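Because the Cβ atoms are built from the backbone with ideal geometry, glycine has one as well, and the counts that use them run over all protein chains shown. A short reminder: the numbers here are calculations on the coordinates, not readings from a lab.
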Amino acid sequence: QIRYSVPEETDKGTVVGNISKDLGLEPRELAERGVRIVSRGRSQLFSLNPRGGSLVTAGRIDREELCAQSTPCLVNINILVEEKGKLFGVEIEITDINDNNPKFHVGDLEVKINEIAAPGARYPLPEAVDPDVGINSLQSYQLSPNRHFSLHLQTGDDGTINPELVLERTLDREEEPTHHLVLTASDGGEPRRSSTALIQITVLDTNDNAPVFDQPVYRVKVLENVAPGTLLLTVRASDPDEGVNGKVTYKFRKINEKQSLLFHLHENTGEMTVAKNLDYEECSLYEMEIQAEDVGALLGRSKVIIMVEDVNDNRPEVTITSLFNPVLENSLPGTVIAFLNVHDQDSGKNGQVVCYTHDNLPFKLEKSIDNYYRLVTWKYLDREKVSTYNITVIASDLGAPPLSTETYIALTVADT
Ligand SMILES: *[C@@H]1O[C@H](CO[C@@H]2O[C@@H](C)[C@@H](O)[C@@H](O)[C@@H]2O)[C@@H](O[C@@H]2O[C@H](CO)[C@@H](O[C@@H]3O[C@H](CO)[C@@H](O)[C@H](O)[C@@H]3O)[C@H](O)[C@H]2NC(C)=O)[C@H](O)[C@H]1NC(C)=O
Ligand SMILES: *[C@@H]1O[C@H](CO)[C@@H](O[C@@H]2O[C@H](CO)[C@@H](O)[C@H](O)[C@H]2NC(C)=O)[C@H](O)[C@H]1NC(C)=O
Ligand SMILES: *[C@H]1O[C@H](CO)[C@@H](O)[C@H](O)[C@@H]1O
Ligand SMILES: *[C@H]1O[C@H](CO)[C@@H](O)[C@H](O)[C@@H]1O
Ligand SMILES: [Ca+2]
Ligand SMILES: [Ca+2]
Ligand SMILES: [Ca+2]
Ligand SMILES: [Ca+2]
Ligand SMILES: [Ca+2]
Ligand SMILES: [Ca+2]
Ligand SMILES: [Ca+2]
Ligand SMILES: [Ca+2]
Ligand SMILES: [Ca+2]
């Protein structure tokens with residue numbers, strides 16, 4: 001029936017209550033009558049101060065350990081006055097003080113959310129506990145800011161609270177594979193204590209990105225006399241998908257195209273090289289289509305264009321299409337004696353032909369229609385001074401290194 005109050009975690013020997021006044025006696029009388037305390041468990045932590053004539057604490061008083069989460073912390077002791085033969089009941093309340101932070105059971109948690117996870121899905125979060133009760137228990141859950149997540153305080157009927165992370169915006173690990181959040185838990189008493197909990201969010205990969213070539217069309221020029229195996233090109237295709245979902249193989253699209261037989265595209269490195277010799281005079285252009293795939297068979301498509309260059313390799317060929325061999329000695333300057341056809345299978349300046357004959361001879365070569373030539377006469381001839389002629393005609397293309405074919409025209413001069 002003697003109520004008192006005391007703060008916990010207080011020093012030893014702190015005043016609990018003026019017992020001698022509420023007993024109607026002096027301190028020396030308390031030390032004289034032999035008034036003691038009845039031997040019970042909790043009463044071990046209290047003691048009687050005669051000089052102070054009061055009630056002092058003789059041990060550590062932790063409410064969090066003593067009464068746990070009960071709403072009032074009460075300790076009842078019985079005081080026995082022997083000479084008066086009377087007994088008194090003392091009820092002592094212990095107040096709560098915020099010396100315990102909200103302690104998370106787990107310091108960190110990994111939440112594996114898929115890349116293709118739809119918004120609205122919620123995942124459980126680590127809970128906190130505060131041995132401090134009342135307003136000194138947990139009161140505020142503060143989640144670190146993030147554009148993709150929110151904090152929901154779902155309350156099961158039994159559980160007082162249950163924090164959970166809510167996915168409100170879609171994710172893509174191709175931009176960020178892992179997130180890091182700070183889950184602060186604070187109790188609403190002064191001084192304000194708190195404790196955090198780091199939450200890593202691992203975004204698992206989904207093969208949602210297909211291989212994409214750097215350029216849609218690849219153009220490359222090449223000489224026709226390149227040795228087989230020469231590195232013509234090296235194609236690159238990017239796949240941001242993780243690991244095995246990013247390993248890309250390149251291959252030709254067509255099924256055993258002749259161009260695919262002529263060339264080799266390496267599967268792993270994508271290096272396009274020559275396999276067999278290729279002549280400009282057969283095909284000057286090669287249009288092929290290549291593709292790149294990850295393991296998910298996601299298709300990227302591109303087109304490689306190969307242009308050949310006509311380096312000189314074919315010499316001209318002279319075809320004497322006409323020859324008026326019995327030449328008249330009295331022929332006027334300007335009469336034709338032989339028509340020639342010249343043809344260089346090469347192209348450009350490598351296919352342009354020029355013809356040459358000796359200077360001392362009275363016969364010149366003149367150009368004509370459709371790369372023809374005519375062997376014209378411009379000076380009169382002494383029949384005996386020149387009876388037989390073995391003319392050397394040299395056809396040569398204008399592409400270095402020049403190629404030359406020589407044809408010999410046999411003729412004889414006759415008179416009348
Ligand atoms: C007009 O002249 C050409 C060649 O031009 C002249 O003769 C050469 C020998 C050189 O001195 C040149 O600088 C010169 O301007 C005559 O062509 C020649 O034809 C003969 C046979 O028709 C070739 O003989 C060859 O001999 C070898 C080895 O014996 C054989 O394997 C061959 O099968 C072939 O028989 C000779 O090589 C060839 N000249 C050249 C340079 O190739 C051409 O006959 C002549 N015209 C007339 C009407 O006489
Ligand atoms: C318990 O309470 C009594 C009464 O309130 C206290 O007695 C007072 O002591 C002070 C000491 O300076 C005096 O000035 C007052 O005149 C006293 N009042 C009365 C009514 O006696 C006493 O000191 C307190 N403590 C103990 C151990 O008895
Ligand atoms: C948790 O938050 C409180 C503020 O409410 C801080 O004072 C404390 O140090 C902890 O960071
Ligand atoms: C929240 O963050 C702090 C660092 O500021 C940690 O020390 C704590 O354990 C919790 O993870
Ligand atoms: Ca305490
Ligand atoms: Ca406390
Ligand atoms: Ca607390
Ligand atoms: Ca993606
Ligand atoms: Ca992905
Ligand atoms: Ca991929
Ligand atoms: Ca050629
Ligand atoms: Ca050529
Ligand atoms: Ca040529």
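Towards the positive end of the charge dipole of the chain, with charges on Cβ (+1 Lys, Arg; -1 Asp, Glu), say which of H179, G270, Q1 has the farthest Cα.
Among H179, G270, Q1, the one farthest towards the positive end of the dipole of the chain is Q1.
Distance check, please: which entries in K276/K303; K221/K247; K221/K258; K251/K349 exceed 26 angstrom between their Cα atoms?
Correct reply: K221/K247; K251/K349.
Once you keep just the Cα pairs under 8 angstrom separated by 6 or more residues, what percentage relative contact order results for region 138-272?
So the answer I get is 18 percent.
Between region 308-372 and region 31-75, what's the alpha-carbon centroid distance in Å?
Taking the Cα centre of each part, region 308-372 and region 31-75 sit 133 Å apart.
If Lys and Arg each add +1 and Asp and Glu each add -1, what is the summed charge of the other residues whose beta carbon sits under 15 Å from the beta carbon of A400?
-4
Of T160, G107, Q142, which is farthest towards the positive pole of region 107-171's charge dipole, taken about the Cα centre with +1 and -1 on the beta-carbons of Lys, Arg and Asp, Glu respectively?
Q142
Treat every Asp and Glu Cβ in the chain as -1 and every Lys and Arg Cβ as +1, leave all other atoms uncharged, and give the resulting dipole magnitude about the Cα centre to the nearest 20 debye.
780 debye
State whether region 203-356 is rounded, prolate or oblate according to the following rule on the C-alpha gyration tensor (a ≥ b ≥ c being the square roots of its eigenvalues): a/c under 1.5 gives rounded; otherwise a/b larger than b/c gives prolate, and the remaining case gives oblate.
Prolate is the answer for region 203-356, as a/c is 1.5 or above and a/b outweighs b/c.
Do you know the relative contact order of region 209-280, to the nearest whole percent, from alpha carbon pairs under 8 angstrom that are 6+ apart?
It comes to 37 percent, rounded to a whole number.
Based on the alpha-carbon gyration tensor of region 313-416 and its eigenvalue square roots a ≥ b ≥ c, which shape applies: rounded if a/c is under 1.5, prolate if not and a/b is larger than b/c, or oblate?
prolate
With an 8 Å Cα cut-off and a minimum separation of 6 or more residues, compute the relative contact order for region 248-330 in percent.
Computed value for region 248-330: 25 percent relative contact order.
For region 224-346, what is the charge dipole size about the Cα centre, in debye to the nearest 20, if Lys and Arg each add +1 at the Cβ and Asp and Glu each add -1 at the Cβ?
300 debye
Where both partners of a DSSP beta bridge lie in the chain, what percent of those bridges are antiparallel, to the nearest 5?
Of the beta bridges lying entirely in the chain, close to 80 percent run antiparallel.
About its Cα centre, how strong a charge dipole does region 1-135 have in debye, to the nearest 20, once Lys and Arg get +1 and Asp and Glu get -1 at the Cβ?
Charge dipole of region 1-135: 680 debye, to the nearest 20.
For the residue pair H105 and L74, what label-to-label distance in nm results when each label sits 7 Å from Cα along the Cα-to-beta-carbon direction?
The answer from the label model is 3.2 nm.
Taking +1 at the Cβ of each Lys and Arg and -1 at the Cβ of each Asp and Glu, which of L332, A414, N371 sits farthest along the dipole of region 313-416 towards its positive end, judged by Cα position relative to the Cα centre?
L332
When a/c reaches 1.5 or more, the comparison of a/b and b/c decides; with that in mind, is the chain rounded, prolate or oblate per its Cα gyration tensor?
Because a/c hits 1.5 or more and a/b exceeds b/c, the chain counts as prolate.
With 10 angstrom as the radius, rank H264, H180 by how many other C-beta atoms surround their C-beta, starting from the fewest.
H180, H264
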